[PDB]
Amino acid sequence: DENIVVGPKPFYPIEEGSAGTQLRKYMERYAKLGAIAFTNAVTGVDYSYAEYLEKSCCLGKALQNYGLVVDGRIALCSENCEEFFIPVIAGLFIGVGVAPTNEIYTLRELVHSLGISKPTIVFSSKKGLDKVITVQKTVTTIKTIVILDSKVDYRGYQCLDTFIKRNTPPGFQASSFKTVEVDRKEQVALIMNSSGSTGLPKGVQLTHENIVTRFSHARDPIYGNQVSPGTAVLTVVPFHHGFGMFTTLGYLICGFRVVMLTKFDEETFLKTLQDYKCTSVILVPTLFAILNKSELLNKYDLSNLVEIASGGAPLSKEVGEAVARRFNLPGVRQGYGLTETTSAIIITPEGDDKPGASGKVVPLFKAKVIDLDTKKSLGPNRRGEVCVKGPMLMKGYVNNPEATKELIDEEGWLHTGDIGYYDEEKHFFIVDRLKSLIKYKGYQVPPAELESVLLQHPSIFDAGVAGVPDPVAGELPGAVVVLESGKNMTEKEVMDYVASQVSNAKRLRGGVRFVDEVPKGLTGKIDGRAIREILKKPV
């Protein structure tokens, strides 16, 4: 089938050994250089590769002495912090699966998520502690809670350093620790949760094989970033999620200084880019607005920044192009993937930007676009459902064989639930989620297309689009808008603006509501259910 698109051979073949073995190999190399692994942008605290490796090795030994066996389970519940990856790396080192969650989960989400992954130990931030304690009342198999981001015991709980001390012999030599080899294709490494799900979280089982494939991509000269000493990357993406998880672990393989930024006011963002001499930034679409509108770019030395990348949700072509222009870059680097595919499976190749494209199929992967009804493959410039196949496909959902079967078909293809197409040169374009399409008469209107028009208006800060039920037409496109501070538009002004830029079918017949915040998930995907509720309210 000439409709199947096949990625090229990786520059660097997948290395032998587990994901833990590969992380140890590379982290050790950078430790001996005296390189910095993590930096908290706002406090300036650094962890060297040496320190980070040592603590991860020591925690690995501590977890074994505690009694965890291969295929045991631990979790994190934490907002981004520079310590986040210590339990991740320790777990990869010893073959104990790690279930990352964020302090920002609701209690309903967290009780469900940890109820699935069943961690013996939870590494909680101080901020997340109350939620973890509450969850433990239901998930009573959680034996131990350790405080991730404290140097001292906190509210009666052992901090990370105390847990290590209490579970390793005095004088223990970290240098003596050995990574545990595992059955690479079968051994669960991580249990992840998607963001912006319409249901409760499912546990996505990712293996060592999945991760070591990502490591080949991350170092790839075309599909990743080249190793270069102590180079700094600014990251704003949630670590507990696949997007932050696998960009960050890839950066550690590459020896980068990971500059973690948790505050998004414009001055902090730009001061961080400048002060840490960041060469790359990895963003969610919302933050492009800041850069496009900023009047302060000129006040900072931003000359080190040579790559701006996006992922997680649709990025307006025109907003991306404007920001790339401001920074005198060819284009925005993009990646598209799902939690269930580990990381990005379509990535902008270096030297192969195409306006609007999400990129090309990554090495070792294949992709196709299928007809929404027949499920047969399509040629170029034909919209349908994107499907992918390759060694980053998850092992399956935890204890949910029905959901696994719905996602990955009898021929091994993962159905992404996303509409897109590829062009004659095989660049893929991702339009929106199938479940998000607005069924106006016989049309299927993608909210992202309307959101892009709205985000181009200089008086609009943010917007989200969803369908309002209608007896005659089925659904009407409607919008929630956050106005820029000091600017005003009426509902009619917004509607008329949109009507001037779009086809008849795409008009905002469902109306416009003004709000302080557009409901979005943790990686920027629009919360349609929440938008529909706002639109329904008499205002």
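Position 1 is the first residue in the sequence shown; the rest follow in order.
The question of which stretch, 9-17 or 521-529, has the higher mean Cα B factor is settled in favour of 521-529. Taking the mean C-alpha B-factor of each stretch as recorded, 425-433 and 452-460 are not equal, and the higher mean is that of 452-460. Highest CA B-factor among the listed residues (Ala31, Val42, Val481, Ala62): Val481. Listed residues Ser228, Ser216, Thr141, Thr101 were ranked by CA B-factor as deposited; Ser228 comes out on top. When all modelled residues of the chain are sorted by CA temperature factor, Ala344 is found within the lowest third. The deposited CA B-factor of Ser176 belongs to the highest third of values across its chain.
For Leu476, the recorded CA B-factor ranks within the middle third of the chain. Only modelled residues enter the ranking. Among all modelled residues in this chain, the alpha-carbon of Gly128 has a temperature factor (C-alpha) in the middle third. Compared with the other modelled residues of the chain, the Cα B-factor recorded for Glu209 ranks in the lowest third.
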